[PDB]
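As stored in structure_28.cif (mmCIF, C-alpha atoms and all ligand atoms):
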```
data_final
loop_
_atom_site.label_atom_id
_atom_site.label_comp_id
_atom_site.auth_asym_id
_atom_site.auth_seq_id
_atom_site.Cartn_x
_atom_site.Cartn_y
_atom_site.Cartn_z
CA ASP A 1 37.45 147.75 108.13
CA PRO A 2 38.56 151.38 108.57
CA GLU A 3 37.54 152.58 105.05
CA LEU A 4 33.77 152.44 105.60
CA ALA A 5 34.13 153.02 109.37
CA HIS A 6 35.62 156.32 108.26
CA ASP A 7 32.89 156.74 105.64
CA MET A 8 29.70 155.75 107.64
CA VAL A 9 30.85 157.88 110.62
CA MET A 10 31.24 160.70 108.10
CA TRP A 11 27.77 159.84 106.67
CA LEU A 12 26.13 159.51 110.09
CA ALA A 13 27.88 162.85 110.81
CA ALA A 14 26.75 164.41 107.45
CA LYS A 15 23.04 163.88 108.20
CA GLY A 16 23.96 164.30 111.89
CA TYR A 17 22.48 161.25 113.53
CA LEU A 18 25.61 160.72 115.80
CA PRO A 19 25.38 161.60 119.53
CA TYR A 20 25.91 165.22 120.53
CA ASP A 21 27.71 166.91 123.37
CA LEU A 22 25.78 168.63 126.17
CA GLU A 23 27.43 169.74 129.51
CA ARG A 24 28.87 172.88 127.78
CA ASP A 25 32.49 172.16 128.76
CA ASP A 26 34.11 173.85 131.73
CA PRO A 27 36.11 176.98 131.02
CA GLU A 28 39.36 175.32 132.26
CA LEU A 29 39.63 174.08 128.67
CA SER A 30 39.40 177.64 127.16
CA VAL A 31 42.61 178.05 125.05
CA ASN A 32 43.57 181.29 123.43
CA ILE A 33 46.13 180.64 120.78
CA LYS A 34 47.67 183.66 118.94
CA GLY A 35 44.19 185.35 119.03
CA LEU A 36 42.03 182.30 118.21
CA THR A 37 39.78 181.29 121.10
CA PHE A 38 39.44 177.49 121.12
CA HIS A 39 36.81 176.11 123.55
CA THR A 40 38.32 172.66 123.69
CA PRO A 41 42.03 171.76 122.99
CA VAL A 42 40.84 168.42 121.57
CA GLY A 43 39.79 168.64 117.87
CA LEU A 44 39.40 166.47 114.73
CA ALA A 45 42.54 165.77 112.71
CA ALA A 46 43.22 166.79 109.16
CA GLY A 47 41.88 163.57 107.38
CA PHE A 48 38.38 162.72 108.57
CA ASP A 49 36.21 165.39 107.02
CA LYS A 50 38.02 165.60 103.66
CA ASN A 51 35.63 167.60 101.54
CA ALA A 52 34.20 169.98 104.10
CA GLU A 53 31.12 167.80 104.58
CA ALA A 54 30.00 168.06 108.21
CA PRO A 55 32.56 170.03 110.19
CA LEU A 56 30.04 171.62 112.56
CA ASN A 57 28.45 168.27 113.45
CA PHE A 58 31.66 166.64 114.85
CA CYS A 59 32.14 170.09 116.41
CA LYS A 60 28.79 170.05 118.22
CA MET A 61 29.69 166.39 119.18
CA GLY A 62 32.48 167.55 121.59
CA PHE A 63 35.46 168.60 119.46
CA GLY A 64 36.42 172.19 120.03
CA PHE A 65 37.60 172.19 116.40
CA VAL A 66 37.74 170.25 113.16
CA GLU A 67 40.24 170.55 110.35
CA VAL A 68 38.77 170.05 106.84
CA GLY A 69 40.55 167.34 104.70
CA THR A 70 43.38 168.46 102.68
CA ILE A 71 41.80 170.45 99.93
CA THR A 72 43.67 170.21 96.67
CA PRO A 73 42.76 172.73 93.93
CA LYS A 74 41.64 170.32 91.12
CA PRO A 75 39.61 167.16 92.06
CA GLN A 76 41.58 163.94 92.71
CA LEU A 77 40.77 160.26 93.07
CA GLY A 78 44.10 159.31 94.60
CA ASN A 79 45.18 155.71 94.79
CA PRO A 80 43.34 152.53 94.18
CA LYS A 81 41.62 150.79 97.07
CA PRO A 82 42.36 149.05 99.42
CA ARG A 83 44.24 152.21 100.53
CA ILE A 84 44.05 152.27 104.34
CA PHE A 85 44.45 149.40 106.75
CA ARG A 86 43.76 148.93 110.41
CA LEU A 87 46.78 147.64 112.39
CA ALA A 88 44.43 146.56 115.28
CA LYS A 89 47.04 144.71 117.35
CA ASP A 90 48.94 147.94 118.16
CA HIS A 91 46.18 150.56 117.66
CA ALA A 92 47.57 151.90 114.40
CA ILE A 93 46.52 152.77 110.78
CA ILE A 94 48.72 152.69 107.65
CA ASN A 95 47.01 154.80 104.96
CA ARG A 96 47.72 155.77 101.38
CA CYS A 97 45.00 158.05 100.10
CA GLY A 98 47.72 159.97 98.14
CA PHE A 99 45.39 162.98 98.49
CA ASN A 100 41.79 162.60 97.11
CA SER A 101 39.78 165.89 97.28
CA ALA A 102 36.81 167.18 95.31
CA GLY A 103 38.56 170.58 94.77
CA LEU A 104 38.46 174.26 95.64
CA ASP A 105 35.63 174.55 93.07
CA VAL A 106 33.58 172.15 95.24
CA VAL A 107 34.56 173.04 98.82
CA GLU A 108 34.54 176.88 98.31
CA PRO A 109 30.71 177.07 98.55
CA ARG A 110 30.73 174.22 101.18
CA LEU A 111 32.63 176.66 103.40
CA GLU A 112 30.59 179.64 102.13
CA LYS A 113 27.69 177.49 103.45
CA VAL A 114 29.45 176.65 106.76
CA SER A 115 30.76 180.24 107.12
CA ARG A 116 27.26 181.77 106.94
CA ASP A 117 25.29 179.12 108.83
CA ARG A 118 27.75 178.63 111.74
CA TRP A 119 26.59 181.87 113.41
CA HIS A 120 22.82 181.34 113.22
CA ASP A 121 21.00 178.60 115.17
CA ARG A 122 22.02 177.36 118.64
CA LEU A 123 23.85 180.70 119.11
CA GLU A 124 27.19 178.85 119.14
CA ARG A 125 30.12 178.98 121.57
CA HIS A 126 31.86 178.91 118.18
CA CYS A 127 33.65 175.66 117.45
CA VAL A 128 36.85 176.69 115.56
CA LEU A 129 37.45 175.78 111.83
CA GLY A 130 40.83 174.74 110.41
CA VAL A 131 41.23 174.66 106.64
CA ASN A 132 43.92 172.21 105.38
CA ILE A 133 45.23 172.68 101.79
CA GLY A 134 47.61 170.89 99.39
CA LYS A 135 48.78 170.01 95.85
CA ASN A 136 47.47 167.96 92.91
CA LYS A 137 49.81 164.87 92.90
CA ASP A 138 51.76 165.93 89.88
CA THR A 139 51.74 169.70 90.09
CA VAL A 140 54.68 171.46 88.40
CA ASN A 141 55.46 174.40 90.82
CA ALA A 142 53.86 173.64 94.20
CA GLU A 143 54.25 177.39 95.00
CA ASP A 144 51.33 177.86 92.49
CA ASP A 145 48.84 175.46 94.22
CA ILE A 146 49.23 176.63 97.83
CA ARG A 147 48.55 180.15 96.41
CA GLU A 148 45.05 179.06 95.32
CA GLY A 149 43.98 177.44 98.58
CA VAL A 150 44.61 180.85 100.17
CA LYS A 151 43.11 182.97 97.33
CA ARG A 152 40.04 180.64 97.44
CA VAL A 153 39.19 178.85 100.73
CA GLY A 154 41.51 180.77 103.07
CA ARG A 155 39.18 183.63 103.94
CA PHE A 156 36.74 181.11 105.47
CA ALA A 157 39.41 179.73 107.87
CA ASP A 158 39.96 180.14 111.57
CA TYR A 159 43.40 178.65 110.72
CA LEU A 160 44.94 177.61 107.31
CA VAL A 161 47.20 174.64 107.27
CA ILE A 162 49.66 174.27 104.45
CA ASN A 163 50.08 170.47 104.12
CA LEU A 164 53.67 169.62 103.32
CA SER A 165 54.13 166.10 104.79
CA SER A 166 51.71 163.45 103.47
CA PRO A 167 54.11 160.63 102.80
CA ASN A 168 51.76 159.47 99.96
CA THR A 169 51.83 162.41 97.50
CA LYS A 170 54.48 162.84 94.77
CA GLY A 171 57.60 164.22 96.49
CA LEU A 172 55.51 166.44 98.79
CA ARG A 173 57.34 165.70 102.06
CA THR A 174 60.49 167.17 100.32
CA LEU A 175 59.11 170.76 100.32
CA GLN A 176 60.19 171.38 104.02
CA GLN A 177 63.75 172.62 103.14
CA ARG A 178 64.90 176.05 104.33
CA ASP A 179 64.71 177.47 100.79
CA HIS A 180 61.47 175.80 99.69
CA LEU A 181 59.66 176.13 103.03
CA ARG A 182 60.39 179.88 103.20
CA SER A 183 59.14 180.40 99.64
CA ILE A 184 55.83 178.60 100.22
CA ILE A 185 55.25 180.28 103.60
CA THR A 186 55.99 183.74 102.10
CA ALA A 187 53.88 183.16 98.97
CA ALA A 188 51.01 182.01 101.22
CA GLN A 189 51.26 185.05 103.48
CA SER A 190 51.56 187.22 100.32
CA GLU A 191 48.13 185.82 99.45
CA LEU A 192 46.62 186.41 102.94
CA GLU A 193 47.81 189.95 102.24
CA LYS A 194 44.82 190.05 99.88
CA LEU A 195 42.66 192.15 102.23
CA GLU A 196 39.69 193.78 100.57
CA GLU A 197 36.61 195.99 101.35
CA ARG A 198 32.92 195.86 102.37
CA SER A 199 30.01 198.42 102.45
CA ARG A 200 32.76 200.55 100.78
CA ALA A 201 30.39 187.84 112.00
CA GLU A 202 28.04 186.23 109.35
CA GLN A 203 28.63 188.70 106.45
CA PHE A 204 32.20 189.71 105.48
CA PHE A 205 35.27 187.35 105.60
CA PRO A 206 33.95 185.70 108.80
CA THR A 207 36.13 183.83 111.27
CA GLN A 208 35.54 184.58 114.99
CA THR A 209 37.62 187.72 114.33
CA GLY A 210 37.85 190.29 111.55
CA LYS A 211 39.87 187.88 109.36
CA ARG A 212 43.33 186.60 108.16
CA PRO A 213 43.57 183.05 109.43
CA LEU A 214 46.39 182.28 111.75
CA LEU A 215 48.60 180.43 109.23
CA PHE A 216 50.09 176.96 109.81
CA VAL A 217 52.52 174.42 108.38
CA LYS A 218 52.18 170.64 108.75
CA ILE A 219 55.46 168.71 109.07
CA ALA A 220 56.25 165.01 109.10
CA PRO A 221 57.47 163.33 112.34
CA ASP A 222 60.21 161.91 110.05
CA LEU A 223 62.27 165.07 110.11
CA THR A 224 65.96 165.24 110.88
CA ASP A 225 67.38 167.32 113.77
CA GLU A 226 69.61 168.98 111.21
CA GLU A 227 66.35 170.08 109.56
CA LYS A 228 63.93 170.63 112.45
CA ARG A 229 66.48 173.36 113.35
CA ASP A 230 66.16 174.82 109.83
CA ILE A 231 62.34 174.52 109.76
CA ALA A 232 62.39 176.43 113.06
CA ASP A 233 65.04 178.97 112.10
CA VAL A 234 62.65 179.65 109.14
CA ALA A 235 59.39 179.86 111.13
CA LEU A 236 60.39 182.63 113.62
CA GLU A 237 61.98 184.64 110.76
CA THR A 238 59.05 184.14 108.37
CA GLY A 239 56.72 185.02 111.26
CA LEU A 240 54.81 181.78 110.72
CA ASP A 241 51.80 181.70 113.07
CA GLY A 242 52.09 178.01 114.02
CA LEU A 243 53.14 174.48 113.18
CA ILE A 244 50.82 171.54 113.25
CA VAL A 245 53.54 169.33 114.49
CA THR A 246 52.72 165.79 113.22
CA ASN A 247 51.59 164.19 110.03
CA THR A 248 51.88 160.36 109.78
CA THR A 249 55.18 158.50 109.82
CA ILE A 250 56.72 156.40 107.05
CA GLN A 251 58.69 154.53 109.72
CA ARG A 252 58.00 150.87 110.60
CA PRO A 253 59.31 150.22 114.11
CA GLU A 254 60.24 146.80 115.49
CA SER A 255 57.75 145.45 118.13
CA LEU A 256 54.78 145.89 115.72
CA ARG A 257 52.24 142.96 115.36
CA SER A 258 49.10 143.16 113.06
CA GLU A 259 50.35 141.37 109.93
CA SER A 260 49.57 144.25 107.55
CA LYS A 261 52.44 146.21 109.30
CA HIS A 262 54.62 146.12 106.10
CA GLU A 263 52.29 148.16 103.86
CA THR A 264 53.30 151.24 101.85
CA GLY A 265 51.61 154.18 103.50
CA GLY A 266 51.43 156.66 106.40
CA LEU A 267 51.58 154.88 109.74
CA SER A 268 49.33 156.60 112.35
CA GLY A 269 48.24 155.70 115.93
CA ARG A 270 49.95 154.40 119.09
CA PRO A 271 53.48 154.00 117.71
CA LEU A 272 53.30 157.55 116.53
CA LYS A 273 53.03 158.77 120.20
CA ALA A 274 56.68 158.78 121.33
CA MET A 275 57.73 159.73 117.79
CA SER A 276 55.37 162.77 117.85
CA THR A 277 55.46 163.83 121.49
CA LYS A 278 59.27 164.34 121.28
CA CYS A 279 58.89 166.26 118.03
CA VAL A 280 56.47 168.70 119.66
CA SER A 281 59.05 169.39 122.45
CA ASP A 282 61.94 170.10 120.06
CA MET A 283 59.79 172.71 118.25
CA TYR A 284 58.16 174.48 121.19
CA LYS A 285 61.62 174.91 122.85
CA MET A 286 63.55 175.52 119.61
CA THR A 287 61.20 178.48 119.01
CA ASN A 288 60.90 180.03 122.55
CA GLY A 289 57.30 178.80 122.40
CA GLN A 290 56.84 181.87 120.08
CA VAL A 291 55.57 179.73 117.17
CA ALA A 292 52.24 178.15 118.20
CA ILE A 293 51.83 174.35 117.98
CA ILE A 294 48.90 172.01 117.36
CA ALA A 295 50.03 168.36 117.56
CA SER A 296 48.59 165.03 116.44
CA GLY A 297 49.81 161.40 116.31
CA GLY A 298 48.72 158.87 118.96
CA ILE A 299 46.49 161.00 121.20
CA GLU A 300 43.83 158.63 122.63
CA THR A 301 43.52 159.61 126.32
CA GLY A 302 43.42 162.74 128.50
CA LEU A 303 46.76 161.47 129.85
CA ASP A 304 48.10 161.22 126.31
CA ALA A 305 46.83 164.73 125.70
CA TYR A 306 47.95 166.49 128.91
CA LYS A 307 51.29 164.72 128.53
CA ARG A 308 51.62 166.32 125.09
CA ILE A 309 49.89 169.61 126.08
CA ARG A 310 52.50 170.17 128.78
CA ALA A 311 55.15 169.42 126.16
CA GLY A 312 54.20 172.47 124.04
CA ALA A 313 51.05 171.86 121.98
CA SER A 314 48.13 174.21 122.82
CA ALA A 315 45.79 171.76 121.03
CA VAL A 316 45.31 168.10 120.15
CA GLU A 317 43.99 166.54 116.89
CA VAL A 318 42.61 162.97 116.79
CA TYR A 319 41.72 160.39 114.12
CA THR A 320 43.16 156.91 114.73
CA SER A 321 41.78 157.18 118.28
CA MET A 322 38.47 158.28 116.76
CA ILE A 323 38.33 154.98 114.74
CA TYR A 324 39.11 152.72 117.77
CA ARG A 325 37.50 154.61 120.74
CA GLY A 326 34.62 155.95 118.52
CA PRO A 327 33.30 159.58 118.30
CA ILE A 328 33.21 159.97 122.11
CA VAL A 329 37.04 160.02 122.13
CA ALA A 330 36.42 163.81 122.15
CA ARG A 331 34.44 163.86 125.44
CA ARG A 332 36.40 160.98 127.00
CA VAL A 333 39.70 162.83 126.35
CA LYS A 334 38.23 166.17 127.53
CA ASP A 335 37.21 164.50 130.84
CA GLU A 336 40.46 162.68 131.51
CA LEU A 337 42.38 165.86 130.51
CA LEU A 338 40.40 167.89 133.12
CA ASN A 339 41.01 165.50 136.07
CA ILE A 340 44.76 165.54 135.24
CA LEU A 341 44.62 169.34 135.74
CA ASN A 342 43.22 169.13 139.31
CA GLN A 343 45.46 166.20 140.48
CA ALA A 344 48.54 167.99 138.97
CA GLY A 345 47.73 171.32 140.63
CA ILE A 346 47.54 173.93 137.91
CA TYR A 347 43.92 173.80 136.75
CA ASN A 348 43.04 174.95 133.20
CA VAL A 349 44.88 174.11 130.03
CA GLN A 350 46.65 177.42 129.07
CA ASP A 351 48.70 177.14 132.30
CA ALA A 352 49.89 173.62 131.47
CA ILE A 353 51.38 174.67 128.06
CA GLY A 354 55.20 174.51 127.95
CA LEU A 355 55.48 173.05 131.46
CA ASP A 356 58.31 170.69 130.48
CA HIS A 357 60.40 173.84 129.60
CA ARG A 358 58.96 176.44 132.04
CA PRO A 359 61.55 178.75 133.73
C1 LIG B 1 43.06 157.73 106.84
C2 LIG B 1 43.85 158.96 107.14
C3 LIG B 1 43.76 160.07 106.30
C4 LIG B 1 44.51 161.23 106.56
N1 LIG B 1 44.42 162.32 105.74
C5 LIG B 1 45.12 163.45 105.98
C6 LIG B 1 45.04 164.64 105.10
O1 LIG B 1 44.29 164.66 104.10
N2 LIG B 1 45.77 165.73 105.40
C7 LIG B 1 46.58 165.79 106.48
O2 LIG B 1 47.23 166.84 106.68
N3 LIG B 1 46.70 164.73 107.32
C8 LIG B 1 46.02 163.56 107.15
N4 LIG B 1 46.16 162.45 108.00
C9 LIG B 1 47.05 162.54 109.14
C10 LIG B 1 46.16 162.74 110.36
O3 LIG B 1 45.44 163.96 110.17
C11 LIG B 1 46.99 162.69 111.64
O4 LIG B 1 47.92 163.78 111.58
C12 LIG B 1 47.73 161.35 111.86
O5 LIG B 1 46.87 160.23 111.70
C13 LIG B 1 48.29 161.22 113.25
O6 LIG B 1 47.23 161.37 114.20
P1 LIG B 1 46.47 160.17 114.97
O7 LIG B 1 47.50 159.08 114.79
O8 LIG B 1 46.32 160.69 116.40
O9 LIG B 1 45.14 159.90 114.27
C14 LIG B 1 45.41 161.26 107.75
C15 LIG B 1 45.48 160.11 108.57
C16 LIG B 1 44.74 158.98 108.30
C17 LIG B 1 44.86 157.79 109.20
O1 LIG B 2 47.33 161.29 101.01
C1 LIG B 2 47.22 160.57 102.03
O2 LIG B 2 46.83 159.37 102.02
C2 LIG B 2 47.61 161.12 103.35
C3 LIG B 2 47.72 162.48 103.55
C4 LIG B 2 48.11 162.92 104.79
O3 LIG B 2 48.23 164.14 104.96
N1 LIG B 2 48.35 162.04 105.77
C5 LIG B 2 48.23 160.73 105.55
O4 LIG B 2 48.44 159.91 106.45
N2 LIG B 2 47.86 160.29 104.36
#
```
Could you express the structure from this file as structure tokens?
Ligand SMILES: Cc1cc2nc3c(=O)[nH]c(=O)nc-3n(C[C@H](O)[C@H](O)[C@H](O)COP(=O)(O)O)c2cc1C
Ligand SMILES: O=C(O)c1cc(=O)[nH]c(=O)[nH]1
Amino acid sequence: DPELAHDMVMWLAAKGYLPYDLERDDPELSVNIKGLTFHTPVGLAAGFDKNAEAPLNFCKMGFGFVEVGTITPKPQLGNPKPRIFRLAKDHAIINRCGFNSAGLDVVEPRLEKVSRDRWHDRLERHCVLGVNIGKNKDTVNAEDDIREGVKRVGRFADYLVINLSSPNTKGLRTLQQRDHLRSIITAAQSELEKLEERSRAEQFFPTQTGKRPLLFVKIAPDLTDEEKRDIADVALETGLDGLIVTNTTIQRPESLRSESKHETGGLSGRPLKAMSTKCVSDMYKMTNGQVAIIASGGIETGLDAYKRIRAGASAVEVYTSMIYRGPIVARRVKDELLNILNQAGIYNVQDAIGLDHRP
């Protein structure tokens, strides 16, 4: 069952008993991305550590970054169980958590905690922190709820991710329209424009940098081409930092086996690879690679990753892999990714970005 596989791995992570990394990762993997130094391009995807529980553990376990939940502002319970199925036969997961956070009241000090204690012991080669934020199912003006995730938990972020594509929350995937998208992105970056004083990183608004998280938008793979062109023609113009370029898909492709394949939810995993990998490409090269890209959806192998890294992502989030291959999907993908850099010719990762569109 994925539900408690997700939860015991999170528990074993929370007290930290899971196996750690060691070899200190070769610098070929170093990826600078609009001023954020990521050690590893592999990270954890925006659904595993929901309520900011144990980011730094999974981090020390070989992910160069994690991305905390989606944090709504008021606590939610989401949808009744059973809400998330394995589709074993084609390495896939339908899910329908319909958001289910503890809230910005609860996670604010959980980051305050992680923000202070991340600098101290082990003298870290800082593993990067992404904060993912969203709306209470039935919120009136969604422009009002994104505004709180910034005001609250956004100063703790190495990168804030406005979630606008969970197929399971009440008309949330419909916010990605030129007029709505632009409003939410502006309103968010109006809030990051709350820069304030001190004595007038450990102390201060602390993020492997002065502050002001590199902002991000999460979009569904189920976009039109009509509208990917809008979304893009917005992003450059809004000066959006980057796009996390794959939530789950609502789609249910033919050639799918495990009998649960008909279930209402967000399909993740293998059949989100081709889906997702093409929808990186159309955003890197519909934005001159100017708008940074972190991609997820079916990334389970260095070859999967490099394949997609080339395509235009400077980083790679994992979850459905992480349930099948285990927690060592981080180090196993790192290793395969590295070998594919030597064999190919251009070592490193930064070099390989945009290589499908390189002039
Ligand atoms: C059980 C589950 C919960 C998820 N929760 C979230 C979430 O809260 N916020 C979010 O932005 N994405 C969420 N996602 C989407 C994943 O973060 C990821 O983008 C998607 O699964 C595709 O990646 P993968 O197929 O490589 O795991 C979730 C996915 C799954 C399977
Ligand atoms: O609410 C959910 O269940 C959900 C959110 C999300 O962002 N992605 C997903 O697959 N499910």
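Atom pair atom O3 of ligand LIG 2 (chain B) / CA of residue 168 (chain A): separated by 7.7 Å.
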Could you state the separation of CA of residue 146 (chain A) and CA of residue 263 (chain A) in Å, given to one decimal place? 29.3 Å
Taking all atoms listed in the file and a cut-off of 6 Å, can you tell me which residues surround ligand LIG 2 (chain B), written as a PyMOL selection string? chain A and resi 95-99+166+168-169+247-248+266
Residues within 12 Å of residue 195 (chain A), all atoms listed in the file, excluding chain neighbours under 3 positions, as a list in words: residues 150, 151, 154, 155, 189, 190, 191, 192, 198, 204, 205, 210, 211, 212 and 213 of chain A
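The shortest atom-to-atom distance to ligand LIG 1 (chain B), with all atoms listed in the file taken into account, belongs to A:246 out of A:174, A:246, A:342, A:141.
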Just the residues within 7 Å of residue 320 (chain A), please, counting all atoms listed in the file, with nothing from its chain fewer than 5 positions along; format it as a ChimeraX atom specification. /A:92-93,268-269
Those same residues - C-alpha atoms - I'd like them written as a PDB file, in the coordinates of the input.
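File written: again-v4.pdb
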```pdb
ATOM      1  CA  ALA A  92      47.570 151.900 114.400  1.00  0.00           C
ATOM      2  CA  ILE A  93      46.520 152.770 110.780  1.00  0.00           C
ATOM      3  CA  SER A 268      49.330 156.600 112.350  1.00  0.00           C
ATOM      4  CA  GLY A 269      48.240 155.700 115.930  1.00  0.00           C
TER       5      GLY A 269
END
```
From the options A:157, A:87, A:66, A:272, which residue's atoms come nearest to ligand LIG 1 (chain B), counting all atoms listed in the file? A:272
Give me the residues near residue 244 (chain A) as a compact mmCIF listing (two decimals) with C-alpha atoms, in the frame of the given file, where near means some atom within 8 Å (using all atoms listed in the file) and where sequence neighbours in that chain fewer than 5 positions away do not count.
```
# COMPACT_ATOMS: atom_id res chain seq x y z
CA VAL A 161 47.20 174.64 107.27
CA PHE A 216 50.09 176.96 109.81
CA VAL A 217 52.52 174.42 108.38
CA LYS A 218 52.18 170.64 108.75
CA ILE A 219 55.46 168.71 109.07
CA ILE A 293 51.83 174.35 117.98
CA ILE A 294 48.90 172.01 117.36
CA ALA A 295 50.03 168.36 117.56
CA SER A 296 48.59 165.03 116.44
```
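Note that the spacing between CA of residue 45 (chain A) and CA of residue 346 (chain A) amounts to 27.0 Å.
Closest approach to residue 82 (chain A) from the set A:265, A:206, A:27, A:149 is made by A:265, with distances taken over only C-alpha atoms.
Between ligand LIG 1 (chain B) and the residues A:49, A:108, A:117, A:28, the shortest atom-to-atom distance, using only C-alpha atoms and all ligand atoms, involves A:49.
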Residues within 12 Å of residue 48 (chain A), all atoms listed in the file, excluding chain neighbours under 6 positions, as a PyMOL selection string: chain A and resi 2-11+13-14+54-55+58+66-70+97+100-101+132+317-323+327
